[PDB]
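**Q** Quick one: experimental structure and sequence below.
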Amino acid sequence: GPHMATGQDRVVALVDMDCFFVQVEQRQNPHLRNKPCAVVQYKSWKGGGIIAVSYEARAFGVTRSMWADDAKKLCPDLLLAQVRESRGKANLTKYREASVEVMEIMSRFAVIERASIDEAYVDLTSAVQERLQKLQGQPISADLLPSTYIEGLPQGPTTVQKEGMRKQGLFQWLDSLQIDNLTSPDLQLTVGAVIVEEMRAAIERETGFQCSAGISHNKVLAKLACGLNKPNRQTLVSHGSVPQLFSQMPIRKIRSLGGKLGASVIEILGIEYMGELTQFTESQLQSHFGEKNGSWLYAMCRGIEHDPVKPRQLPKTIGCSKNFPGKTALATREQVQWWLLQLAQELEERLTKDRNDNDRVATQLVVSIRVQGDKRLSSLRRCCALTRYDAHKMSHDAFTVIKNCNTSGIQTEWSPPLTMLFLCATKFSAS
DNA sequence: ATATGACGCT
DNA sequence: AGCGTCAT
Ligand SMILES: Nc1ncnc2c1ncn2[C@H]1C[C@H](O)[C@@H](COP(=O)(O)NP(=O)(O)OP(=O)(O)O)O1
Ligand SMILES: [Mg+2]
Ligand SMILES: [Mg+2]
């Protein structure tokens, strides 16, 4: 009762760009706008692999990881943009740079944690408090929330179109707001949503890109909220909406529960939905999933999560990687050394840019490879000192640290063949 | 035969 | 350190 914390201390948002690489390509090429479109990587094998899909093309069933030749079977008018290729590999610079455009705009409103190339969490607690002093108990007009959904509303006893439903739920939400209570969690969320509308308007105004957002009390709910009404909309998930929302929410939809841990929860406990977790004690959950996971699950199924928005807008590693599938697996020493060089040359370019831009230098080089037949992402990881941003030195050091993995008795030959090379610069210090 | 990035475990 | 997990 009086002493049970409810996880309502923060306002946290997750902003995620809508079909991000497609929007980047559509900005650059007006002929792709308002069309079924996808961004494709390489070309020779089955037309290349799709990595981003416009919402018009999703309506035909086109998805990420689909081959372009297969996507065209679903959607014959599909337009395609190709990822740039440099040094024989995909080169993602255009998207990294568009990401920086978005992150710098968001960083004007609050401290952000970059969570992917296209999304960032926002700790809005301070901004909300400041905005709540300036408002001075004035009601929040629905005009301030033109793209906001209130999860769980409209409800109860009292319209057959999407936007009408949205507005009816928003009116019900606003009409129940205690606007005199500067500490009401629901009011704080609402003001947070007002700020995220402003943030998303600025992103769209200054970049042309549209995005979605979730606003809630923690990162997990904000991320979940964000996807509820993609694209080009934001969703507020209140603490009070959690029981109904979680009562039919598959466990795998919750961030970090999408893999083996979430599958074990389902299998060991005999449950399907996040809300069913409330029936177990914290000790029970810890007994099955370990001390940290059990505690985390106990709170999370009640909508409570305390992972902070870390103040970090820049990645902390800089890495280059390429897979060599099937018959293209690297099978000679010279092949391995040539591709390590291509990777090292792109890495040097990104590192040199990183040092001038962000006043830091990497100090460790991590070399990861995958051998043919191994289902793991990485078969082997070794590291060495990164002392000079010099591609030939880096590629040579990388070969040095992996070269003993070659079981071939022949010098020119590499065995077992390599299906992935990966160079990652890490352990940055200020410069 | 689908390029990366963060963090956990021992 | 080197591998395992989850993610976009
Ligand atoms: N496995 C992957 N491999 C390569 N690139 C990927 C990728 N997953 C995502 N990307 C790249 C391409 C993606 O555009 C970008 C952001 O990924 P999302 O936010 O997960 N998906 P999007 O923003 O496209 O659409 P929406 O959010 O509206 O659903 O990262
Ligand atoms: Mg996205
Ligand atoms: Mg994303």
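**A** It's in. Numbering: from 1, shown residues only, chains lettered A, B, ... in the order given. Ligands and ions are numbered 1, 2, ... in the order given.

**Q** going forward, measure contacts and count neighbours with C-alpha atoms only.
**A** Noted.

**Q** and stretch A:5-24 with ligand 2, contact?
**A** Yes: contact of stretch A:5-24 with ligand 2 (CA under 5 Å from the ion) involves A:16-18.

**Q** helix or strand for residue A:287, which one?
**A** helix A:282-289 (DSSP states H and E).

**Q** related to what we said a few turns ago, also within reach of DNA strand B: list those from the residues of stretch A:5-24 next to ligand 2.
**A** Applying CA under 7 Å from any atom of the strand to these, one finds that nothing falls near DNA strand B.

**Q** So which of those residues are in strands?
**A** A:16-17 (DSSP state E).

**Q** tell me the phi and psi of the residue most central in space within chain A?
**A** Closest to where the C-alpha atoms of chain A average out (CA atoms, centre = their mean) is residue A:116, at 4.0 Å. Main-chain dihedrals, residue A:116, degrees, to the nearest 10: phi -160, psi -180.

**Q** And the helices in chain A?
**A** Using DSSP state H, the helices found in chain A span residues A:20-28, A:55-58, A:68-74, A:93-106, A:125-135, A:162-175, A:185-207, A:219-228, A:242-247, A:260-269, A:282-289, A:291-300, A:333-358, A:391-402.

**Q** Go through these and name the closest to ligand 1.
**A** helix A:20-28 (4.0 Å; CA to the nearest ligand atom).

**Q** list the buried ones in the closest one?
**A** Neighbour counts using 16 or more other CA atoms under 10 Å place A:20-26 of helix A:20-28 among the buried residues.

**Q** Please see if that helix touches ligand 1.
**A** Yes: applying CA under 6 Å from any ligand atom, one finds helix A:20-28 touching ligand 1 at A:20-21.

**Q** got the angle for the helix holding residue A:287 vs helix A:291-300?
**A** Between helix A:282-289 and helix A:291-300, the angle comes out at 130 degrees (axes from the mean of the first three to the mean of the last three CA atoms, to 10 degrees).

**Q** Excluding its own residues, what touches helix A:282-289? List them.
**A** A:261, A:265, A:268, A:292-295, A:297-298 (CA atoms under 8 Å, 6 or more residues apart in numbering).

**Q** what are the C-alpha coordinates of it, in PDB please?
**A** In PDB, the C-alpha atoms belonging to helix A:282-289 read as follows (Å, rounded to 0.1, in the frame of the first residue of the first chain):
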ATOM      1  CA  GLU A 282      10.000 -13.000  -6.600                       C
ATOM      2  CA  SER A 283      11.800 -16.000  -5.000                       C
ATOM      3  CA  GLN A 284      10.000 -18.400  -7.400                       C
ATOM      4  CA  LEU A 285      11.100 -16.400 -10.400                       C
ATOM      5  CA  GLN A 286      14.600 -16.100  -9.100                       C
ATOM      6  CA  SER A 287      14.700 -19.900  -8.500                       C
ATOM      7  CA  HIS A 288      14.000 -20.500 -12.200                       C
ATOM      8  CA  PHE A 289      15.800 -17.600 -14.000                       C
END
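
**Q** Around DNA strand C, pick out the residues from chain A.
**A** Listed as neighbours of DNA strand C in chain A under the rule CA under 7 Å from any atom of the strand: A:116-119, A:252-262, A:376-383.

**Q** returning to what we had before: can you list the contacts of helix A:282-289 in a markdown table and add distance to residue A:133 and neighbour count?
**A** Compiled in a markdown table, the contacts of helix A:282-289 are given as follows (distance: CA to CA, whole Å; neighbours: other CA atoms under 10 Å):
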| residue | distance to residue A:133 | neighbour count |
| --- | --- | --- |
| A:261 | 43 | 15 |
| A:265 | 44 | 21 |
| A:268 | 49 | 11 |
| A:292 | 38 | 10 |
| A:293 | 39 | 15 |
| A:294 | 39 | 20 |
| A:295 | 36 | 17 |
| A:297 | 36 | 23 |
| A:298 | 35 | 22 |
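
**Q** which among the residues you listed gets closest to DNA strand C?
**A** Within those, proximity to DNA strand C (CA to the nearest atom of the strand) peaks at residue A:261, which comes in at 3.8 Å.

**Q** follow-up on the earlier one: which member of the contacts of helix A:282-289 is positioned nearest residue A:340?
**A** residue A:261 (35.0 Å; CA to CA).

**Q** Pull the number of nearby residues for whichever residue of the stretch 301-431 of chain A sits closest to ligand 2.
**A** Closest residue of the stretch 301-431 of chain A to ligand 2, CA to the ion: residue A:313 (17.0 Å). Counted with other CA atoms under 10 Å, the neighbours of residue A:313 add up to 18.

**Q** Is it in contact with residue A:105, as I believe?
**A** No: counting by CA atoms under 8 Å, residue A:313 does not reach residue A:105; the two are 11.5 Å apart.

**Q** need the residues of the stretch 201-350 of chain A near DNA strand B, please.
**A** Within the stretch 201-350 of chain A, the positions near DNA strand B by CA under 7 Å from any atom of the strand are A:292, A:310, A:314-328.

**Q** filter the residues you listed to the buried ones?
**A** Buried among those by 16+ other CA under 10 Å: A:318-324.

**Q** Redo these as a markdown table? Include distance to ligand 1.
**A** Converted to a markdown table, those look like this (distance: CA to the nearest ligand atom, whole Å):
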| residue | distance to ligand 1 |
| --- | --- |
| A:318 | 16 |
| A:319 | 14 |
| A:320 | 13 |
| A:321 | 12 |
| A:322 | 12 |
| A:323 | 12 |
| A:324 | 15 |
